[PDB]
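All remarks here apply to the structure that follows.
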Amino acid sequence: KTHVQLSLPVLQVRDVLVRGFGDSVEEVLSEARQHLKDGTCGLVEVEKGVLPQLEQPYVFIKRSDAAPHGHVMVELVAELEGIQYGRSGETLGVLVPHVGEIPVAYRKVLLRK
Numbered sequence: 011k012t013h014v015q016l017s018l019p020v021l022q023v024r025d026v027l028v029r030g031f032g033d034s035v036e037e038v039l040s041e042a043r044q045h046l047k048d049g050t051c052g053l054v055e056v057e058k059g060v061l062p063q064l065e066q067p068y069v070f071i072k073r074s075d076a079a080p081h082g083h084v085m086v087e088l089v090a091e092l093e094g095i096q097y098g099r100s101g102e103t104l105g106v107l108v109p110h111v112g113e114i115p116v117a118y119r120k121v122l123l124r125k
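What follows is the structure, given as structure tokens:
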């Protein structure tokens, strides 16, 4: 399937134990896609002061369309030193590994895979 229905645990930035997916744009997109498939991917909602508490490169989920079955269609865009690899809509949040942090909510998305 080109798209997969996922429910992503929304984590508070100060709870996150592993604050990024790796060290290159290509690695973080790779790792983010693997964790999304394995159900080991969390979402941090971007507000003032969140991104400097996480590790670059960042992986964003961005709205790719204007929401089948409640699930917003999203795609991945990475960012490193102010350059983004990908072009998409509004940021829903930044992806991080999930290693058992208690979420505050769940974000239903349809992921272009």
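FYI, the numbering for the sequence shown is 11 to 76, 79 to 125, going by the entry's author numbering.
Note that beta-carbon positions come from the ideal geometry of N, C-alpha and C, so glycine has one too.
If you count every other CB in all the chains shown that lies within 10 Å of the CB of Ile71, and 16 or more means buried, which is it? Answer is buried; the Cβ neighbour count reaches 16.
Run through DSSP, which three-state label would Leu27 get? For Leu27, the three-state secondary structure derived from DSSP is coil.
Look up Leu46 in the DSSP assignment and say whether it is helix, strand or coil. Assignment of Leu46 by DSSP, reduced to helix, strand and coil, places it in the helix class.
Where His45 and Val106 are concerned, what is the direct C-alpha to C-alpha distance, given to the nearest angstrom? The straight-line gap from Cα to Cα measures roughly 13 Å.
Report the option in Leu18, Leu53 and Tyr68 whose CA atom is closest to the CA atom of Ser40. For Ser40, the nearest C-alpha among the options comes from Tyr68.
How is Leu39 classed by DSSP in three states: helix, strand or coil? Assigned with DSSP and collapsed to three states, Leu39 falls in helix.
Where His81 falls, given that 16 or more other Cβ within 10 Å makes a residue buried: Counting the other Cβ atoms within 10 Å of the Cβ of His81 gives fewer than 16, which makes it exposed.
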